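Participant: Structure below; questions to follow.
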RNA sequence: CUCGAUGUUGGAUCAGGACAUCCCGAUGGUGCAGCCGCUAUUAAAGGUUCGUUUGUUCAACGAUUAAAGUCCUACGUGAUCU
RNA sequence: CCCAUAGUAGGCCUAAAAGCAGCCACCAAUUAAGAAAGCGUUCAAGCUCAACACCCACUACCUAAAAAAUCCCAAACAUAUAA
Ligand SMILES: [K+]
Ligand SMILES: [K+]
Ligand SMILES: [K+]
Ligand SMILES: [K+]
Ligand SMILES: [K+]
Ligand SMILES: [Mg+2]
Ligand SMILES: [Mg+2]
Ligand SMILES: [Mg+2]
Ligand SMILES: [Mg+2]
Ligand SMILES: [Mg+2]
Ligand SMILES: [Mg+2]
Ligand SMILES: [Mg+2]
Ligand SMILES: [Mg+2]
Ligand SMILES: [Mg+2]
Ligand SMILES: [Mg+2]
Ligand SMILES: [Mg+2]
Ligand SMILES: [Mg+2]
Ligand SMILES: [Mg+2]
Ligand SMILES: [Mg+2]
Ligand SMILES: [Mg+2]
Ligand SMILES: [Mg+2]
Ligand SMILES: [Zn+2]
């Protein structure tokens, strides 16, 4: 196996991959785009 | 190294918003849990395997009743990721000797003491 | 034309144009400045 | 009538006697004899030293972990000393000279037979550390040109920053964490060991909170 | 080829430490702890 | 009016519940009379037995 | 063409696995159950 | 993986394939006047020599050629040979 | 986009240093133009930039590619209401 610190970006365990996917930043979306209002 | 996980006590302190979402009463805590295993113990550490057996959760999707007390909760927390915990509700009170044989545990968690298998005239 | 990953204008007369699906740098004053997106 | 604006005055700024960057030696004064382990956790995770400005106002921020050898210091020194104005600028080192010995076995030898001999030295660097700090009678646009050129040649992800941009960078990250609409975060899940997720995680993930993977730093992770 | 210059260093663990923790019942003579230095 | 101004499916207007309750009673009465008068031949049934 | 070196799902170079939409929904569904478990264990 | 055998160099024979093109085609730049070149883009249809010493692949040398390309194919190919 | 006169080739150094090899100063004419930010000239000339005027250019200021050897490799699809 590879060490915890590698020169390349090590492949993640699939469960961790899923964890990252589910915890991504979701920006606040306004009801009306602010450019469409006075 | 992989070890047992210490869960911070803050995780088990409900906020006012939680009480609205789930509908529990902090001043009238439910007496009994309904506990059902919904996850396998395969590919889990042995200590989790051992607690599932102790709680009588070897067979999945089989509701078990347990006392809502610190000691029991301590076991439940180790395997909280393997089970579903719901409060036992008694809309008509506890079963008595007369109605022991006419009870049914519904999917809502309510243990009813009469099971007629008839439509409601209402 | 020299292939370039990063296109840079080398004089005032250089002008960027996108043709045949890739960016080009064209220069009439100094044809040596001509670059193709790689 | 194009509206003119006031300009900042740097008369109150002082320039040291040796504004240029001093020379860094290949190996320390006294050569080391005791061979050391890799200790790869010295470039892993956030940095806890040299994360703030001390004297100058501009610096090169490290966005990842890595090791710096003499070849890197010479590139930084020459590139900066050539592109800077000694009269109105000054630079200092924010990283110590190579001290960590790196052993290496001879070519063609098989596995085993003890440990290799000390070959060269490196300076471990963590993410979020300042590598070089500059200052003086100059704006950001002046140093940013050749500072970014240097940052691109470093073995890790780096970027030139200022007292303002660095502060804004940090405040923007906090704003993202507060307004994040996702109810599920890496911290909440990991610390509570939800789904038994700590079986595929590391003990360091409790503190890194998913923002670090080996030596790589991910600023877009909240 | 080459050889390592570090010899020795193969002593086994002494199995020292506390034998009777707080609250344990001991009879006279029972060893409570073993130690190399006064801990 | 554009290709995406409104949904692709047609708009459905369900019957008035009061009017439909009366129509339902008529249908049930008609079918009940067929039973009383024996206006059916062979019947089939779906029965649950042994699981 | 398009070989993965050695065995597919082990070692240094691996076949990339991607997270599908339903894989995400599956995880969130179980996160909600555990979140509720936390609540009922608090009283 | 194979030791209840997957025959080990170079050559002969016949070659399949890649293009990171040696020659032939088409192009941009040049410190491209022209003739010669250098450099990059595109192109794998077709072609890519004979000798002296050496077991040699290589290397050196002689005479040529539009050019004497680089590699992979169990360092292609011994139930075809040497 | 548009446009550029002038004390003056500022002093010193220098064979020569004229905004632009170096050192010091970096003041001032014209409503407006740095004792000059980038080229250039052996030194000069010469071409731009920061000026004025004109006038709503009413900019984004976060990023960068590709090749191997028998033959690409499921077929396909942007539109009917989670399950
Ligand atoms: K870099
Ligand atoms: K592999
Ligand atoms: K064998
Ligand atoms: K011979
Ligand atoms: K001069
Ligand atoms: Mg390991
Ligand atoms: Mg020891
Ligand atoms: Mg031992
Ligand atoms: Mg394989
Ligand atoms: Mg055999
Ligand atoms: Mg052939
Ligand atoms: Mg080609
Ligand atoms: Mg062979
Ligand atoms: Mg034979
Ligand atoms: Mg054969
Ligand atoms: Mg003048
Ligand atoms: Mg003079
Ligand atoms: Mg002068
Ligand atoms: Mg000059
Ligand atoms: Mg003036
Ligand atoms: Mg102008
Ligand atoms: Zn040009």
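Protein chains in written order, with the deposited numbering: chain I, 29 to 66; chain Z, 35 to 156; chain 4, 66 to 103; chain N, 30 to 251; chain W, 36 to 74; chain S, 53 to 103; chain o, 9 to 51.
Ideal Cβ positions, reconstructed from N, Cα and C, are used throughout, including at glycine.
1) Under a CB-based cut-off of 8 Å, is residue 58 (chain Z) close to chain o?
2) What I want to know is whether the C-beta of residue 25 (chain o) ends up closer than 7 Å to one or more non-hydrogen atoms of ligand 22.
3) Counting only beta-carbon atoms, is residue 100 (chain Z) nearer than 8 Å to chain o?
4) What residues in the region 36 to 58 of chain Z bring their beta carbon closer than 7 Å to a beta carbon of chain N?
5) Using the beta-carbon count (16 or more within 10 Å), is residue 100 (chain 4) buried or exposed?
6) Determine the chain I residues that contact residue 36 (chain o) at a beta-carbon separation under 8 Å, and present them in chain order.
7) Please say whether residue 133 (chain Z) and residue 148 (chain Z) have beta carbons closer to each other than 8 Å?
8) Is residue 44 (chain o) close to chain N? Criterion is C-beta to C-beta, closer than 8 Å.
9) Do you know how far the Cα of residue 130 (chain N) is from the Cα of residue 62 (chain N)?
10) In three-state DSSP terms, what is residue 61 (chain Z)?
11) Cutting at 8 Å between CB atoms, please list the residues of its own chain near residue 50 (chain N), excluding the five before and the five after it.
12) Helix, strand or coil for residue 60 (chain W), going by three-state DSSP, please let me know.
13) Use the C-beta contact count for residue 2 (chain W): other C-beta atoms within 10 angstroms, 16 or more gives buried, fewer gives exposed.
14) At 3 residues or longer, and completely inside the region 94 to 177 of chain N: list those beta strand (DSSP E) runs for me, N to C.
15) Take residue 145 (chain Z) as the anchor and find which of 66 (chain Z), 72 (chain Z), 55 (chain Z), 38 (chain Z) has the nearest alpha-carbon.
16) Would you say residue 71 (chain Z) reaches chain N, if we count a Cβ-Cβ gap shorter than 8 Å as a contact?
17) What residue range is occupied by the uninterrupted beta strand (DSSP E) comprising residue 68 (chain 4)?
18) Does DSSP classify residue 45 (chain I) as helix, strand or coil?
19) Within the continuous beta strand (DSSP E) that includes residue 69 (chain Z), where are the two ends?
20) So does the region 182 to 192 of chain N actually touch the region 202 to 212 of chain N, counting three or more Cβ pairs closer than 8 Å?
21) What would DSSP say about residue 189 (chain N), mapped onto helix, strand or coil?
22) Should residue 78 (chain N) be labelled buried (16 or more other beta-carbon atoms within 10 Å of its own) or exposed?
23) Name the chain o residues whose beta carbon is nearer than 7 Å to that of residue 111 (chain Z)?
24) Does ligand 9 have even one heavy atom less than 7 Å from the beta-carbon of residue 95 (chain N)?
25) Does the region 67 to 83 of chain N come within contact of the region 151 to 169 of chain N, defined as at least 3 CB pairs closer than 8 Å?
26) Using only alpha-carbon positions, find the residue among 125 (chain Z), 81 (chain Z), 128 (chain Z), 126 (chain Z) that is nearest to residue 225 (chain N).
27) Any residue with its Cβ nearer than 7 Å to a heavy atom of ligand 22 should be included. What is that list in chain order?
28) Give the single residue among 249 (chain N), 251 (chain N), 245 (chain N) whose Cα lies nearest to the Cα of residue 73 (chain N).
29) Residue 100 (chain Z) by DSSP, collapsed to three states: which one?
30) What's the call for residue 114 (chain N), buried or exposed, on a 16-neighbour Cβ count within 10 Å?
31) Between residue 70 (chain 4) and residue 176 (chain N), what straight-line distance do the alpha-carbon atoms span, to the nearest angstrom?
32) Below 7 Å, is the gap between the Cβ of residue 74 (chain N) and the nearest heavy atom of ligand 6?
33) How would you list, in chain order, the residues of chain N whose beta-carbon sits under 8 Å from the beta-carbon of residue 39 (chain o)?
34) Rounding to the nearest angstrom, what Cα-Cα distance links residue 83 (chain S) and residue 60 (chain S) in this structure?
35) Using a threshold of 7 Å, is the CB atom of residue 36 (chain I) nearer than that to any non-hydrogen atom of ligand 2?
36) In angstroms, rounded to a whole number, what distance separates the CA positions of residue 183 (chain N) and residue 101 (chain N)?
Facilitator: On the basis of the coordinates in this document:
1) With respect to chain o, the C-beta atom of residue 58 (chain Z) has a partner C-beta closer than 8 Å.
2) Residue 25 (chain o) Cβ: outside cutoff for every heavy atom of ligand 22.
3) Closer than 8 Å: no.
4) When C-beta distances to chain N are compared with 7 Å, the residues of the region 36 to 58 of chain Z below that value are 36, 39, 41, 42, 45, in chain order.
5) Counting Cβ neighbours within 10 Å, residue 100 (chain 4) comes out buried, since at least 16 surround it.
6) By Cβ distance, chain I contributes 50.
7) Result yes, Cβ atoms of residue 148 (chain Z) and residue 133 (chain Z) sit closer than 8 Å.
8) Nearest CB-CB separation between residue 44 (chain o) and chain N: not below the 8 Å threshold.
9) If I take the Cα positions, the gap works out to 9 Å.
10) Coil.
11) Excluding sequence neighbours, residue 50 (chain N) sits near 105, 106, 109, 110, 120, 121, 122, 161.
12) In this structure, residue 60 (chain W) counts as coil in the three-state DSSP scheme.
13) Past the edges of chain W, shown from 36 to 74, lies residue 2 (chain W), and the structure says nothing about it.
14) Within the region 94 to 177 of chain N, the complete beta strand (DSSP E) runs of at least 3 residues are 95 to 97, 118 to 122, 129 to 133, 146 to 154, 159 to 165.
15) Checked all of 66 (chain Z), 72 (chain Z), 55 (chain Z), 38 (chain Z); the closest Cα to residue 145 (chain Z) is 66 (chain Z).
16) Not closer than 8 Å to any Cβ of chain N, the Cβ of residue 71 (chain Z) fails to qualify, so no.
17) Segment 67 to 69, the beta strand (DSSP E) holding residue 68 (chain 4).
18) If DSSP states are grouped into helix, strand and coil, residue 45 (chain I) belongs with the helices.
19) Its beta strand (DSSP E) spans residues 66 to 71.
20) A contact between stretches requires three or more CB pairs, one per stretch, nearer than 8 Å, and the region 182 to 192 of chain N fails this requirement with the region 202 to 212 of chain N.
21) In the structure shown, residue 189 (chain N) sits in a strand (DSSP, three-state: E or B).
22) Residue 78 (chain N) comes out exposed.
23) In chain order: 49.
24) Residue 95 (chain N) Cβ: outside cutoff for every heavy atom of ligand 9.
25) Yes, the region 67 to 83 of chain N touches the region 151 to 169 of chain N.
26) For the residues 125 (chain Z), 81 (chain Z), 128 (chain Z), 126 (chain Z), the minimum Cα distance to residue 225 (chain N) belongs to 81 (chain Z).
27) The answer, residue by residue, is 74 (chain 4), 75 (chain 4), 76 (chain 4), 78 (chain 4), 79 (chain 4), 92 (chain 4), 94 (chain 4), 95 (chain 4), 98 (chain 4).
28) For the residues 249 (chain N), 251 (chain N), 245 (chain N), the minimum Cα distance to residue 73 (chain N) belongs to 245 (chain N).
29) The answer is strand: DSSP assigns residue 100 (chain Z) an E or B state.
30) By the 10 Å Cβ count, residue 114 (chain N) comes out exposed.
31) Residue 70 (chain 4) and residue 176 (chain N): Cα-Cα distance of roughly 22 Å.
32) The answer is no for residue 74 (chain N).
33) Going along chain N in sequence order, the residues near residue 39 (chain o) (Cβ under 8 Å) are 213, 218, 223, 224.
34) The C-alpha of residue 60 (chain S) is placed about 38 Å away from the C-alpha of residue 83 (chain S).
35) For ligand 2, not one heavy atom lies less than 7 Å from the Cβ of residue 36 (chain I).
36) The straight-line gap separating the alpha-carbon atoms of residue 183 (chain N) and residue 101 (chain N) is approximately 7 Å.
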